[PDB]
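In what follows, a structure is listed as structure tokens, so that the remarks can point back to it.
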2 protein chains.
Amino acid sequence: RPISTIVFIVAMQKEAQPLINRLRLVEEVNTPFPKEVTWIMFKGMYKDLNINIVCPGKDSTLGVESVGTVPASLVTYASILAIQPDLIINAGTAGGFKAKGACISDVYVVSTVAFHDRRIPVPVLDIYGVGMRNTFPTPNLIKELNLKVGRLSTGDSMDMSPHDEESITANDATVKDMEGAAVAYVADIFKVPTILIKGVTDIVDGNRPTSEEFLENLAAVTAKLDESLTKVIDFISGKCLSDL
Amino acid sequence: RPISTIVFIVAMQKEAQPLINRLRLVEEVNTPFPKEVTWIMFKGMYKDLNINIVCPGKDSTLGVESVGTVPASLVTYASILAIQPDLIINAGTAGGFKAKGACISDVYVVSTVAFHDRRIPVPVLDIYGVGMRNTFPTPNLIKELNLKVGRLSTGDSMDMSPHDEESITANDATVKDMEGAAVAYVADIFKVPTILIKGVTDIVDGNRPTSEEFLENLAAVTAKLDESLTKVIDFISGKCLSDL
Ligand SMILES: Nc1ncnc2[nH]cnc12
Ligand SMILES: Nc1ncnc2[nH]cnc12
């Protein structure tokens, strides 16, 4: 049976904006979420697909985007149970490692993702900590659209301690972010097809810092990312979860 | 109006076991959760209180308890929405800092909790990262039962990098754990009264003993913790959210 509905999970609404504009998605007023959360949702029908972009929104106290693994998981759970999707995709900008060939503005399709900041020095619990997992296999996509593939490492810090560096290295990650691994975990319990797409905005093992290189590009890349997601939606439209 | 229902959130079922026994709580078979999660629930009626202990259970892949901020938040959300409690309490063992006077087996009542492993080097986002917050004020409890009070720092790692150490220091934490901050976040969105109780099983600033603090003490303290929670339940029974 063909894919009908696709739920997009984005940490920052800024990252999704362009897509929302090109597809002319409308922000759902009555969200199927609890009256108390700050989550926002944008629904739309592109060709034969019900596209839904859900974002954790802005923190009710600080007024800043609620990034991180905790809000990312809560949202992914709620969305799954609510607008039960056929395919859930986690997109957003990220850190790249040039050592693994990551240029700025590159658009990778995460293959396997794990946690680099959950170090539990215990026999089996340390594997749980890393909690590594696969993404839904989409060879025709990476092939057709000819995209870059790589592993993702997730952590609640935007910086990178020497401890994070060693683990990201043990994960063999090419891209680095703050929520991917968390999303994959939830969708995995409800066993729903999942895809993670990351736009490189900052070269972590590079010279230029991790905070200023990120800002002067969260426009240039956030743009390239959009252009890319569209063509991805465009590719799925009409297919079955296996034709991907 | 008096407190009617109390939901306990515990990372490990081992930690709660004793309490479950003394109160003779029964494990709910039909949990109000999705058929796919591995969460377990124990319900019971102690005096005039509907006590519910909810645990994320054991990982479906690794078979180890699903500790950490992600499972702790998911569970806290689901329970709130499900068995809508009047008071939610987060109990469990933790790391203590003797520098702040924390002896092994001590039983503190967290005053303020924050994250020590979500370092985001950005203007307002770094405050979000720490995401510090207060616990429900219970002076009569700490007064009557004469308990130890202290701040809690939360992080997804059981070890402690030099980076975690500096932040736990900036949080002025006396106790250290892996879920508290996450629980307080969820309950705070639904604005429900919340309490965090931690049993010190390991002195972080010490020598990290033998097969004691890591193995024995988790029995010796998990015991003292139980004895303590009971007397806490016992104190609340009959009171209003303001009499605590
Ligand atoms: N270097 C980085 N680490 C984590 N998340 C990021 N998002 C953008 N750049 C990042
Ligand atoms: N040292 C420690 N750090 C974090 N969580 C703990 N739980 C028990 N001991 C701990």
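Naming scheme: A, B, ... for chains in displayed order of the structure tokens; residues 1 onward per chain; ligands 1 onward as shown.
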How close does each residue of chain A get to ligand 1, giving the shortest atom pair and distance in Å to one decimal for every residue with an atom at most 6 Å away, counting only C-alpha atoms and all ligand atoms, sorted by chain and residue number, as JSON lines?
{"residue": "A:93", "atom": "CA", "partner": "ligand 1", "partner_atom_place_in_ligand_line": "8 (C)", "distance": 5.3}
{"residue": "A:94", "atom": "CA", "partner": "ligand 1", "partner_atom_place_in_ligand_line": "8 (C)", "distance": 3.7}
{"residue": "A:95", "atom": "CA", "partner": "ligand 1", "partner_atom_place_in_ligand_line": "1 (N)", "distance": 3.7}
{"residue": "A:158", "atom": "CA", "partner": "ligand 1", "partner_atom_place_in_ligand_line": "4 (C)", "distance": 4.3}
{"residue": "A:176", "atom": "CA", "partner": "ligand 1", "partner_atom_place_in_ligand_line": "3 (N)", "distance": 5.2}
{"residue": "A:177", "atom": "CA", "partner": "ligand 1", "partner_atom_place_in_ligand_line": "5 (N)", "distance": 3.7}
{"residue": "A:178", "atom": "CA", "partner": "ligand 1", "partner_atom_place_in_ligand_line": "5 (N)", "distance": 5.1}
{"residue": "A:201", "atom": "CA", "partner": "ligand 1", "partner_atom_place_in_ligand_line": "9 (N)", "distance": 5.8}
{"residue": "A:202", "atom": "CA", "partner": "ligand 1", "partner_atom_place_in_ligand_line": "9 (N)", "distance": 5.2}
{"residue": "A:204", "atom": "CA", "partner": "ligand 1", "partner_atom_place_in_ligand_line": "1 (N)", "distance": 5.5}
{"residue": "A:210", "atom": "CA", "partner": "ligand 1", "partner_atom_place_in_ligand_line": "1 (N)", "distance": 5.5}
{"residue": "A:214", "atom": "CA", "partner": "ligand 1", "partner_atom_place_in_ligand_line": "9 (N)", "distance": 5.7}
key: All alpha helix (DSSP H) residues (DSSP, backbone) inside region 104-225 of chain A, as a ChimeraX atom specification   = /A:125-130,139-144,162-170,180-189,212-215,220-225
File dump, residues just selected, N, CA and C atoms, as a short mmCIF file (atom, residue, chain, number, x, y, z; two decimals), in the first residue's frame:
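That gives us result-v6.cif:
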data_model
loop_
_atom_site.label_atom_id
_atom_site.label_comp_id
_atom_site.auth_asym_id
_atom_site.auth_seq_id
_atom_site.Cartn_x
_atom_site.Cartn_y
_atom_site.Cartn_z
N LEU A 125 24.74 -1.89 30.10
CA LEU A 125 24.22 -0.54 30.12
C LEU A 125 24.99 0.44 29.25
N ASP A 126 26.26 0.18 28.98
CA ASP A 126 27.02 1.10 28.15
C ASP A 126 26.58 1.01 26.69
N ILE A 127 26.08 -0.16 26.29
CA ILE A 127 25.60 -0.36 24.93
C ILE A 127 24.25 0.36 24.80
N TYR A 128 23.49 0.31 25.89
CA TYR A 128 22.21 0.97 25.96
C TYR A 128 22.46 2.45 25.81
N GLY A 129 23.48 2.92 26.54
CA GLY A 129 23.85 4.32 26.53
C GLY A 129 24.07 4.83 25.13
N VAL A 130 24.89 4.11 24.37
CA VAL A 130 25.18 4.47 22.99
C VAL A 130 23.89 4.32 22.21
N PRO A 139 17.68 3.12 -0.42
CA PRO A 139 18.73 3.07 -1.44
C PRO A 139 18.34 3.77 -2.73
N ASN A 140 17.08 3.63 -3.14
CA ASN A 140 16.60 4.28 -4.36
C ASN A 140 16.62 5.80 -4.22
N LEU A 141 16.42 6.27 -2.99
CA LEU A 141 16.45 7.70 -2.71
C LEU A 141 17.89 8.20 -2.83
N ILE A 142 18.79 7.67 -2.00
CA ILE A 142 20.20 8.08 -2.01
C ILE A 142 20.82 7.88 -3.40
N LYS A 143 20.31 6.88 -4.11
CA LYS A 143 20.77 6.55 -5.45
C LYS A 143 20.21 7.57 -6.43
N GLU A 144 18.89 7.60 -6.55
CA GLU A 144 18.23 8.52 -7.47
C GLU A 144 18.71 9.94 -7.24
N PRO A 162 36.22 16.70 25.28
CA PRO A 162 37.10 15.66 24.72
C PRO A 162 36.41 14.29 24.85
N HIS A 163 35.50 14.18 25.82
CA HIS A 163 34.74 12.96 26.06
C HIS A 163 33.77 12.70 24.92
N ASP A 164 33.13 13.76 24.43
CA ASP A 164 32.18 13.60 23.34
C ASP A 164 32.94 13.21 22.07
N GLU A 165 34.09 13.85 21.88
CA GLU A 165 34.95 13.59 20.73
C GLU A 165 35.35 12.12 20.60
N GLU A 166 35.77 11.50 21.70
CA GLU A 166 36.17 10.10 21.67
C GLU A 166 35.00 9.19 21.32
N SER A 167 33.82 9.47 21.87
CA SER A 167 32.64 8.66 21.59
C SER A 167 32.14 8.85 20.16
N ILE A 168 32.09 10.11 19.70
CA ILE A 168 31.65 10.40 18.33
C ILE A 168 32.58 9.64 17.38
N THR A 169 33.81 9.44 17.84
CA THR A 169 34.82 8.74 17.07
C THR A 169 34.56 7.24 17.09
N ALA A 170 34.08 6.74 18.23
CA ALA A 170 33.75 5.32 18.40
C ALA A 170 32.43 4.98 17.69
N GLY A 180 18.45 13.67 16.71
CA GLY A 180 18.27 12.49 15.89
C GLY A 180 18.15 11.13 16.57
N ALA A 181 19.15 10.79 17.39
CA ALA A 181 19.17 9.51 18.09
C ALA A 181 17.93 9.33 18.94
N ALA A 182 17.46 10.42 19.54
CA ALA A 182 16.28 10.39 20.40
C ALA A 182 15.01 10.11 19.59
N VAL A 183 14.90 10.74 18.42
CA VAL A 183 13.73 10.53 17.58
C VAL A 183 13.66 9.06 17.18
N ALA A 184 14.77 8.56 16.64
CA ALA A 184 14.87 7.18 16.18
C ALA A 184 14.47 6.19 17.24
N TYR A 185 14.74 6.52 18.49
CA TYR A 185 14.39 5.63 19.57
C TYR A 185 12.89 5.47 19.70
N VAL A 186 12.17 6.58 19.78
CA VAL A 186 10.72 6.52 19.93
C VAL A 186 10.06 5.80 18.74
N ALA A 187 10.32 6.28 17.52
CA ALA A 187 9.73 5.68 16.32
C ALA A 187 10.01 4.18 16.22
N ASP A 188 11.13 3.77 16.80
CA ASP A 188 11.56 2.38 16.79
C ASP A 188 10.69 1.52 17.70
N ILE A 189 10.13 2.10 18.76
CA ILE A 189 9.30 1.32 19.67
C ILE A 189 7.97 1.04 19.00
N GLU A 212 29.79 30.68 15.50
CA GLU A 212 29.64 31.76 14.51
C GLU A 212 29.52 31.22 13.09
N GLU A 213 30.14 30.08 12.82
CA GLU A 213 30.07 29.48 11.50
C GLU A 213 28.65 28.94 11.31
N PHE A 214 28.04 28.53 12.42
CA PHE A 214 26.68 27.99 12.46
C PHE A 214 25.67 29.07 12.09
N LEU A 215 25.84 30.26 12.66
CA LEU A 215 24.91 31.37 12.41
C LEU A 215 24.96 32.01 11.01
N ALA A 220 22.09 29.96 4.52
CA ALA A 220 22.59 29.39 3.27
C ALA A 220 22.31 27.89 3.17
N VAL A 221 22.54 27.17 4.26
CA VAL A 221 22.31 25.74 4.29
C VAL A 221 20.84 25.44 4.54
N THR A 222 20.23 26.13 5.50
CA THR A 222 18.82 25.93 5.83
C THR A 222 18.02 26.06 4.53
N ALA A 223 18.61 26.76 3.57
CA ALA A 223 18.00 26.96 2.27
C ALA A 223 18.22 25.70 1.43
N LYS A 224 19.48 25.29 1.30
CA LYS A 224 19.84 24.09 0.54
C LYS A 224 19.10 22.89 1.13
N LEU A 225 18.94 22.88 2.45
CA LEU A 225 18.25 21.78 3.11
C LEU A 225 16.81 21.73 2.60
#
Could you give me, as a Markdown table, a per-residue list for chain A showing, wherever an atom lies at most 12 Å from an atom of ligand 2, the closest pair of atoms and their distance in Å to one decimal, using only C-alpha atoms and all ligand atoms and sorting by chain then residue number from low to high?
| residue | atom | partner | partner_atom_place_in_ligand_line | distance |
| --- | --- | --- | --- | --- |
| A:118 | CA | ligand 2 | 4 (C) | 11.0 |
| A:119 | CA | ligand 2 | 4 (C) | 10.4 |
| A:120 | CA | ligand 2 | 4 (C) | 8.9 |
| A:121 | CA | ligand 2 | 3 (N) | 10.5 |
| A:122 | CA | ligand 2 | 10 (C) | 11.7 |
inquiry  = Excluding residue 36 (chain B) and its own-chain neighbours fewer than 2 positions away, which residues fall within 10 Å of it when counting only C-alpha atoms? Please give them as a ChimeraX atom specification.
reply    = /A:189-191 /B:33-34,38-39,60
Could you take the residues named above and write them with N, CA and C atoms, as a CSV table (one decimal), in the first residue's frame?
chain,number,residue,atom,x,y,z
A,189,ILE,N,10.1,2.1,18.8
A,189,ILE,CA,9.3,1.3,19.7
A,189,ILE,C,8.0,1.0,19.0
A,190,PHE,N,7.5,2.0,18.3
A,190,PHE,CA,6.2,1.9,17.5
A,190,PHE,C,6.5,1.3,16.2
A,191,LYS,N,7.8,0.9,16.0
A,191,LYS,CA,8.2,0.3,14.8
A,191,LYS,C,7.7,1.0,13.5
B,33,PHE,N,-1.1,2.4,29.0
B,33,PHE,CA,-0.1,2.8,28.0
B,33,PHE,C,-0.3,2.1,26.7
B,34,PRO,N,0.4,2.6,25.7
B,34,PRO,CA,0.3,1.9,24.4
B,34,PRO,C,0.9,0.5,24.5
B,38,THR,N,7.3,-0.7,27.1
B,38,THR,CA,7.6,-1.8,28.0
B,38,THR,C,7.4,-1.3,29.5
B,39,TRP,N,6.7,-0.2,29.6
B,39,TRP,CA,6.5,0.4,30.9
B,39,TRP,C,5.6,-0.4,31.8
B,60,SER,N,13.6,-3.3,25.5
B,60,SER,CA,13.2,-4.4,24.7
B,60,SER,C,14.3,-5.1,23.9
ask   = What's the 8 Å shell around region 226-241 of chain B, counting only C-alpha atoms, without same-chain residues fewer than 6 positions away, as a PyMOL selection string?
value = chain B and resi 1-3+16+18-19+47-49+107+141+145+193
message = Neighbouring residues of residue 113 (chain B) were defined as those with any atom within 6 Å, considering only C-alpha atoms; residues of the same chain fewer than 2 positions away were excluded. Please report them as number ranges by chain.
response = B: 132-133, 151-153, 181
query = B:86, B:216, B:106, B:159: which is nearest chain A, counting only C-alpha atoms?
reply =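 Among the listed residues, B:159 lies closest to chain A.
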inquiry  = Using only C-alpha atoms, can you tell me which of A:37, A:175, A:20, A:219 comes closest to residue 8 (chain A)?
reply    = A:20
inquiry  = With only C-alpha atoms as the counted atoms, please give the residues lying no more than 9 Å from residue 179 (chain B), apart from itself and same-chain residues fewer than 6 positions off, as a list in words.
reply    =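 So, after excluding close chain neighbours, the residues are residues 11, 67, 68, 69, 70, 71, 72, 73, 90, 154, 155 and 156 of chain B.
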key: Backbone-only DSSP, strand (DSSP E or B) members of region 13-140 of chain A, as JSON, numbers by chain   = {"A": [26, 27, 28, 40, 41, 42, 43, 44, 45, 46, 49, 50, 51, 52, 53, 54, 55, 58, 65, 87, 88, 89, 90, 91, 92, 93, 94, 95, 96, 107, 108, 109, 110, 111, 112, 113, 114, 115, 133, 134]}
query = Using only C-alpha atoms, which of B:172, B:112, B:134, B:102 sits nearest residue 148 (chain B)?
reply =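 Among the listed residues, B:102 lies closest to residue 148 (chain B).
Note that the spacing between CA of residue 104 (chain B) and CA of residue 17 (chain B) amounts to 20.2 Å.
Here CA of residue 171 (chain A) is placed at a distance of 26.9 Å from CA of residue 12 (chain B).
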